[PDB]
Amino acid sequence: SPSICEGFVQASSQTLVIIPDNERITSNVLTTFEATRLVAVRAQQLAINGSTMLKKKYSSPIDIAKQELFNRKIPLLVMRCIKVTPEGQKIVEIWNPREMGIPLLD
Amino acid sequence: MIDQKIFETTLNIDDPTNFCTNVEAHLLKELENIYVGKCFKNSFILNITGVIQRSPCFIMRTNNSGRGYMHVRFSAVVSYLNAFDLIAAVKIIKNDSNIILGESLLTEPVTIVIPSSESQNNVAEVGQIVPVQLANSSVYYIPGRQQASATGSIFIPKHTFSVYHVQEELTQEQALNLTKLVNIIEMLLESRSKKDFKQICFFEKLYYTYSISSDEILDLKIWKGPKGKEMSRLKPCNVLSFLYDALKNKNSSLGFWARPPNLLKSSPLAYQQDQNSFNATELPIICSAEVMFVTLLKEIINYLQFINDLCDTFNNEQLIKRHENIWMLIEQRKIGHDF
Amino acid sequence: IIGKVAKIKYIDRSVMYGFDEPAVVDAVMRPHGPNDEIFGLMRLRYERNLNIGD
Amino acid sequence: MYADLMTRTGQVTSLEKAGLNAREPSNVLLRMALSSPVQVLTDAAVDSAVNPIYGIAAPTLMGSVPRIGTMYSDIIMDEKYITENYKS
Amino acid sequence: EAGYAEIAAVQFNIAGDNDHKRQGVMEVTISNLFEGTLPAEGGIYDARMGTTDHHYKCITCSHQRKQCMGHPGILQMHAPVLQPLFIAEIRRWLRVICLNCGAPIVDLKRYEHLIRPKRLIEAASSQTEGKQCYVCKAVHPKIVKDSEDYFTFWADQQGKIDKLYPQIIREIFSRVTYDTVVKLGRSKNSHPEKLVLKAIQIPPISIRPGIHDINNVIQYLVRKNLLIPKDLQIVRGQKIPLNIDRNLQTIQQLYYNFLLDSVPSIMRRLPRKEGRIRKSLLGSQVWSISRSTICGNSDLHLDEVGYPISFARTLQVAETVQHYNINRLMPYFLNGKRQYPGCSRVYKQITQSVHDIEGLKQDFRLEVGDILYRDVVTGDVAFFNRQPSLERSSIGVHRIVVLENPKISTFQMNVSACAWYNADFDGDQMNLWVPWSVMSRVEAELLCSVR
Amino acid sequence: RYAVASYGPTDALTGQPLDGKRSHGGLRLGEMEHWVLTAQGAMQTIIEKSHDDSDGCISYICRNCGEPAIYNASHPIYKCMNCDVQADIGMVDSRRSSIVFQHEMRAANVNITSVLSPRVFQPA
Amino acid sequence: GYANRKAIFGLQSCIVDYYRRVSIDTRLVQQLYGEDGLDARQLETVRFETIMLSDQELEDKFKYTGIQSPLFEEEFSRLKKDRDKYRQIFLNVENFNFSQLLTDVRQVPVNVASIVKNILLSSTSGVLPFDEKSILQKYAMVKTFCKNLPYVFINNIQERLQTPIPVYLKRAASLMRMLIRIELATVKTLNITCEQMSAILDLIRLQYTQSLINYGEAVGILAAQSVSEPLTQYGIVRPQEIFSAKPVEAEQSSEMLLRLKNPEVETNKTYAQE
Ligand SMILES: [Mg+2]
Ligand SMILES: [Zn+2]
Ligand SMILES: [Zn+2]
C-alpha cells in the first residue's frame, strides 16, 4: 500500500573508535599497496598545490612524492578498518607511514 | 520564532593540504558560504553557532582527483515559522489577477503569496504594508531557496476564543522548561518598554477587538487590564505570576481556562475558572496543563512580537496616514459596546 | 572526397577519407544502378612496398 | 584455495550456480552476473533481498570500484603534521 | 553542495502503483510523438523525461545529453494489468487465501517452522481445491493456468469456469491482512496487492534513445489503452462484449511482451554474453589506446617496448603546470603540433575550456594550474597487453622507447619478454595504452612493472 | 594498425565509445582484462580506463529514501521526487551503463534502493 | 574457457584481511592464507638434511661435544623432536594418498644455508679461536630468535611487550623454526662471530617480512588463474566431477586402494592375488 521509501530508514551515523597505539595488531611495515597509494595520493595533491618540505628540487610530482616517502616527510596517515560493530562503531588502527617500514619499490 | 538546530553534512575539500593548515577556521568559512541564508531540512539557516563533531579528512576513493571530504555535525541558529503565524510587515510587489505577491521586511526572508480573490485585488496595491495571518503547514522550506514559500491572509482580529479543560497539575520540571518562554516574554516586554507610548497605544487601540473611550487600556508597569465597567466578577490572572507561584507549588492549575477577545492578547493576563461558564461557541477540549501553558506562552509571544513589529515598522505618522486604509479596514471589523 | 547535399536549407551528407595513410584517386565513374539511379563509384589506390611487420 | 572454499559451510558445495547460492545467497548482484539475471532478479524482489557491496562483481555492477588492492586501506590527512610544518 | 558518498548496500523490492506515481515526473496522455522540432508535450517523447537530442535541455534537471540520466513518467491504465515478472507469485498466492474473505485456508501454524522464503512455496504446493473456508464457509475452487498464454487464470468451481480479470484478482488480494503476509513467509513490502498494476511506469528516454523499436511497443500500448472505457468495471462472473475481451487481452499481451518477449524486450537486454551485464558493465570500450603487430628487437631491454613515433603523437600525457615543472614543459608547448616532441591541447583552469595548440591565441600563456597534453617520450611507462589474458603477467608495464624512423609501424620488444605474454613473432598483435593520469602513472611504475 | 585518443564517436545508449577501427571508436578492455588488473591490485588504473576513458558519470542519491535525486549547481535545483523537503543528496561516482542498467530493472517493476555509507564522526 | 569463468566467479570474493585470513566479506574461508601466510612469488626450495638420517648419523653430525653443559643436550633434543614430528606428519600424508611419497625438500620463505655461507666467504676472519662465552651467547640468540619468530605475523609493538601469541600463528612458524635450528646449529656456526650472527638473524627476519601476503589481495582470482592454466594441457569428465561436486553414483572412474592387514604378509604376491 505505501511506497518503499516510507519504511526505509537511512543507516545511522557511526563513531570512530581508535585502537590505542600499544594494542595495535597489524604490521608496522607498509604493504606494497599502501605505499603505492600513499605515493599516488601525494603526487596528485602536489599536482594541485606544489608545497613540500623536500629540500632537494625535482621537476615531477612523482619524484617528489617518492622521495618524501623514502625520507619520512609524507603528510598522510593510514587508516586500517578492523570492524564495524552493529551498535554503530568503526574500530580502526591509525598508522604513521613516517614511522613504519617501507617495502622494496625498485 | 528563533531557536537552535543540529545538522549533519559532508563537505568536499578541493585542496586538502591547504585546508588542513587550519581546520576549524576553514570549516566554519565553508559552512557559512554554503548554508547561511538558505533553506535546508525544513528550516532556514541564519548563523553557524559552531561545529559539534567532525571526522578526519578522508581522501576520495572512487576517482583519481586526490580531493578530500569531511563529515560535519554543526549547530545552527534557525528560524522556523509556525502554522497560522502573524507577520506585521510586507511590501506587495506583484498584484495581478491570479496571485498577490509580497515579501517580509522585519523578520527573516519570507515570501508570501496571497491567493488573489475578488475582494482582495481591489484593496491591496503595490507599495503597501499590511499585517498577514498564515495558515496550516503552508510554509514549505524548499531546500536550496532563499525564502519560505507560504500563503497568508490579511489579518483582522478575531471575535472568537477557545476554552480548553485542564485536569492535570503543572509539575516543577515542565515549569523549568517553560522558564525559557517566560524569559522570552520578559525580554520582549523590556524591549517594548523602550518604545514610544503613542505608537504602542495607537496600534493597541487599532488591533483591540473592541473600542474604548481612550486612555483606559494600558498599565505597562502593573498590567491591571481594561477598566471597562468591571465586565467580569473575577480578576484576570497573570500567567507569569501563576507560573512563578507554581514553581514553588502554591496554586493549582486545574479547571477551565480561556482568553476572551476582550482580554488583552499582548498582556500576560488570562482567565481561570473551576467551572465552565465561558460564552465560547466551541466545545471545550479536554487536555493536560502542559499544552495549555505552551500554547498560551506561544500566543503571548506572538502577540508581543506583532505589537513590537508594528511599532518598529511605523516610526512616523506620515507612513501611518499612508497606510490608514488598512487601519479603518480593521476598524470596521471592531465590535461596539452594544451588549 | 565525394560531395553530397540533400534538400531538406541543406544538410551536408558528404564523405570523408578516414584512413591513416594517404591514397590516390585512380578512377571515378558515374554508372547507373539497378533502379537506374546515379551513384558515385570511387577507386583509391595505394603504393605498397614490403615493410617491417609484413 | 579451492578446497577451503568448497568446504567452508561444513558441506561440500560446487563451483556452479548452486554452490554460489549456498555460500553467498544475499549477493544478488554477483549471482546475476554469472548465469541468469532475470530469474535471480525475480527471486530477489520477492524476498526483498538486501545486498551488501563487497568483493568484485557487486561494486562493478553498481558503477564503482572494488575495495581491493591499492584501495583496501583508507588514507587520511596528517593534520598535526601539516599544521606544524606547512603554511597557509 | 552534494557531498561525496559511497553505496554500501542495495535493496530489491516489488514496485507498486504508489511507487510509480511518486517517482514519476509527468503523465503520458496523448499519442502524438512530435509537434515540431520539439517533442509533443504529454507524449512518450516529452522532454520532462530527459533529452536524447543535442539542441534542447531536459526540462526536469536542465542538463544537456551527457549530464542528464533520465526521469520516468506515468501512464494511468484504464484497466488493471498483472505484473509480468511475478505471474508465478500471483498464481501461488491464489491457492493459499480465500477468494471471498481473504483469510487463509491453509494452516498457518503448520509452515511456520521452516525458513521464511520457502514456507509460502510449500504451502501453495499442497493441494487445496475443494477445501472450504473457515470464517466465511466458502469452497476454494480449482485455479487453472491457461496453456494459450502466460498470464491468464481460470477459476474452476466444480465445473463452473471463470476467467479471473485483474480487477477481480486485485479485489481478491486487497482483502488480505498484513498478519497473513508476514507469518506466511513474505515481508511487509511483498504484499500481494502490489502484484496488480493500474499505473505503469514509462522508462526515461535515455534508456530508449534513437527516436529503438521499444518505442513502437510503447506507442501501440498507449493507443490501445485509450480504446478501453474510462470507467469499465468488472465483477466476478460478468459477461463482456468480445471486442473488449479482445482489447483487454491485447493490452496485457503488449505489456507482457514489452518486458519478457523471448527472454524487443526490456529484459532481453540483460542475459547473454552480448547483454548489458557482460558486455557493457563487466567490460569496456576505452579511449587512448593503440594496437599493432609485434616484432623482435634485441637492442631493447626486457622491460622496454619500442613505440612508433606516429602513435606517440596520437596518445598524450597530461601534465599540470606548476612552478617546479614550468621550464621543462616549455619546450613541448613551443613545438606545438609541428615538431616532436610537442603537444596538442591546453586546459585553462581560469576558463574551464580546452584549446587546440594550433588554433590558439597569440597572447596565450601557460598559467599555474593549466593542464598541458604533451606527446609520449622515451621513459614513459605503458601497459602492454596480449589476449587472451589468462595469467596476471598478461598485462605488464614497460618503459617506452620511441622509434623515430617514420617507416616502422610495429610494437617492438625483446625476445626474452615473450614468456610473460605467451607470444611470438608470426603475426601476433598486442594492445598498448599509456597512462596519462598521475595516479595511474604512479601505480603503473610501482605496482605493475614487469619485474 | 590502430591508435585513438581521448575523444570520438560514442554509443547513444551506454555512453561508451563505438566498436573499433571500422567505426573510428575505441578498443575493448574485456571481462578477462579486468580480472588481470584486479589480481594485480591496480585499482587506480581501472578508474582511468573504465571511468575516465569509457563512460564514467556522476550520480545523485538521496540519503533518506535511497532513490536517485535531481541536482544542478548552475541553475540551482536540489530536489527529491520522494521526500522533497528532507532531501539529503550525496554524489556517488558511477558510469552511464550502470545507471541504464538500474532504469531497466525499474522498468520491469523492480525497485532499487541504494543505501549510502553512513557518516563517521570522531568522538566528542 | 568455460570452466575458467565459473572458477573465477566462485572464488573472486576471497580477499586477504588485516589478520592475513581469507574471508568472504566477514565469513572466514582460511584462518591464514596458504596456512603459512606467504606470497607464492617469494618461496625458495630448500632441503632439510635431518629427515633421512639415523640416530647414529644424527648423533655424529649435529650433537656438539666441545663444551660439557646441559644447554647443548637440550639443543640436540629439539633436533630429534623436530625430525620425528616431520616424519610423523608426512608419513601420515602418504597414508591417505595414492602415490604421494615423502620428501625432505620444502618451499620456504628464507634459505638460511645460503645466508650463512655468503657471510663465511665475505668475512675478514678465518678459523676463530675457541671461546666458550662466545658459543654460549650465540646459542642464546638463536634460541631467543626462534621463540620470538611468530611475531613476524603481528608487529614489533607486540613483540616488545611479549603479549601472548595465538596457537595458529605458532604453527605457522614451525617450518622456519625447524630450518633455523638445523642450519644454525653449533656444529655449523663455530666460526661465526657474535656481531656476525646478529647480522645473520636480522637478515632472516627482514626476508621473512618481505615474503608475507599483502592485505587486500585478491587471492581467489590468483588461484582461479593458476589452476585453470594446467587444465589446458589435460576439460575431461574428471575435472567436471570435482568442480561440480557430483554424487557417488555419477562417478565414472571411481577407485580404491586397500592395504593388507599385516606388514609381514604384504611381501607375498600370491597372498595378495588370493
Ligand atoms: Mg603467433
Ligand atoms: Zn534530466
Ligand atoms: Zn529522498
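Chains as they are written, first to last, in the authors' numbering: chain H, 42 to 147; chain A, 1 to 339; chain F, 933 to 940, 949 to 994; chain G, 1355 to 1442; chain E, 2 to 212, 224 to 275, 297 to 484; chain Z, 1119 to 1242; chain B, 823 to 1056, 1073 to 1112. For every residue, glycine included, the Cβ atom is placed at its ideal position computed from N, Cα and C.
| Taking one C-beta from the stretch 105–123 of chain A and one from the stretch 145–153 of chain A each time, how about it: are there three or more such pairs within less than 8 Å? | The stretch 105–123 of chain A makes contact with the stretch 145–153 of chain A: 3 or more CB pairs, one atom from each, lie closer than 8 Å.
| task | Answer with yes or no whether the minimum CB distance from residue 74(H) to chain B is below 8 Å. | result | yes
| message | Beta carbons nearer than 7 Å to chain B: which residues of the stretch 420–446 of chain E have them? | response | 423, 424 and 425
| request: Verify the CB distance criterion: does residue 77(H) have a CB-CB separation below 8 Å to chain G? | output: Look at residue 77(H): its C-beta is under 8 Å from a C-beta on chain G.
| query | Would you report the Cα separation of residue 320(E) and residue 956(F), rounded to the nearest angstrom? | reply | 21 Å
| query | Using the beta-carbon of each residue, which ones in chain E are nearer than 9 Å to residue 62(A)? | reply | Residues of chain E with a Cβ closer than 9 Å to the Cβ of residue 62(A) are, in chain order, 5 and 7.
| Extent of the continuous alpha helix (DSSP H) to which residue 1158(Z) belongs | 1149–1158
| field | Local conformation of residue 1440(G) per DSSP, three classes | value | coil
| query | Using a Cβ-Cβ distance under 8 Å, would residue 72(A) count as near chain I? | reply | In the displayed structure, chain I is absent; the protein chains listed are H, A, F, G, E, Z and B.
| query | Is the stretch 95–103 of chain E in contact with the stretch 163–176 of chain E, if contact means three or more CB pairs nearer than 8 Å? | reply | yes
| Are the C-beta of residue 1409(G) and some C-beta of chain B separated by less than 8 Å? | yes
| In chain order, what residues of the same chain lie with their CB nearer than 6 Å to the CB of residue 199(E), ignoring the 5 residues before and after it? | 18, 78 and 81
| task | Let me know the secondary structure DSSP gives residue 68(E) once reduced to three states. | result | coil
| task | Starting from the Cα of residue 6(E), find the closest Cα among 47(H), 52(H) and 42(H) and give me that residue. | result | 52(H)
| query | Just how far apart, CA to CA, sit residue 38(A) and residue 143(A)? | reply | When rounded, the distance between both Cα atoms is 7 Å.
| query | Roughly how many angstroms separate the alpha carbons of residue 10(E) and residue 1176(Z), rounded to a whole number? | reply | 18 Å
| query | Between the stretch 1028–1042 of chain B and chain Z, which residues of the former have CB atoms less than 8 Å from a CB of the latter, in chain order? | reply | 1036, 1038, 1039 and 1040
| request: Can you check the stretch 1367–1410 of chain G for any beta strand (DSSP E) of at least 3 residues that lies completely inside it and give the ranges in chain order? | output: 1404–1406
| message | Cβ closer than 7 Å: which chain H residues qualify as neighbours of residue 59(A)? | response | 82
| request: Check whether the Cβ atoms of residue 926(B) and residue 873(B) lie closer than 8 Å to each other. | output: yes
| task | Compute the distance between the beta-carbons of residue 125(H) and residue 138(H), then report whether it is under 8 Å. | result | For residue 125(H) and residue 138(H), no; Cβs fall outside 8 Å.
| Just to check, is the beta-carbon of residue 1185(Z) closer than 7 Å to a non-hydrogen atom of ligand 3? | yes
| task | Would you give the residue range spanned by the beta strand (DSSP E) that residue 134(H) belongs to? | result | That run of the beta strand (DSSP E) goes 130–136.
| task | Can you pull the chain F residues whose beta carbon is under 7 Å from the beta carbon of residue 328(E), in chain order? | result | 992 and 993
| Less than 7 Å between the CB of residue 53(E) and some heavy atom of ligand 2, yes or no? | No, the beta carbon of residue 53(E) sits no closer than 7 Å to any heavy atom of ligand 2.
| task | Check the Cβ of residue 1439(G) against every Cβ in chain E and list those closer than 9 Å, keeping chain order. | result | Those within 9 Å of residue 1439(G) in chain E number zero; the least Cβ separation is about 18 Å.
| Run through DSSP, which three-state label would residue 963(B) get? | helix
| said: I want to know whether the stretch 987–994 of chain B touches the stretch 851–861 of chain B - three or more CB-CB distances under 8 Å. | reply: yes
| request: Kindly indicate the opening and closing residues of the alpha helix (DSSP H) around residue 239(A). | output: 239–247
| message | Here's the rule I'm using: 16 or more other beta-carbon atoms within 10 Å means buried, otherwise exposed. How should residue 1197(Z) be labelled? | response | buried
| query | Around the C-beta of residue 68(H), are 16 or more other C-beta atoms found within 10 angstroms, so that it is buried, or is it exposed? | reply | The residue in question, residue 68(H), is buried, as its Cβ has 16 or more Cβ neighbours within 10 Å.
| What whole-angstrom Cβ distance do residue 998(B) and residue 932(B) have, given they're in contact under 8 Å? | 7 Å
| said: Taking the alpha-carbon of residue 256(E) as reference, which of 270(E), 240(E), 457(E) and 326(E) has the nearest alpha-carbon? | reply: 240(E)
| query | Hey, how far is the Cα of residue 237(A) from the Cα of residue 48(A)? | reply | 40 Å
| field | Own chain partners of residue 379(E) with C-beta closer than 8 Å, once the 5 adjacent residues on each side are dropped | value | 366, 387, 388, 390, 393, 397, 399, 403, 404, 405 and 406
| task | Give me the Cα-Cα distance between residue 262(E) and residue 202(E), rounded to the nearest whole angstrom. | result | 18 Å
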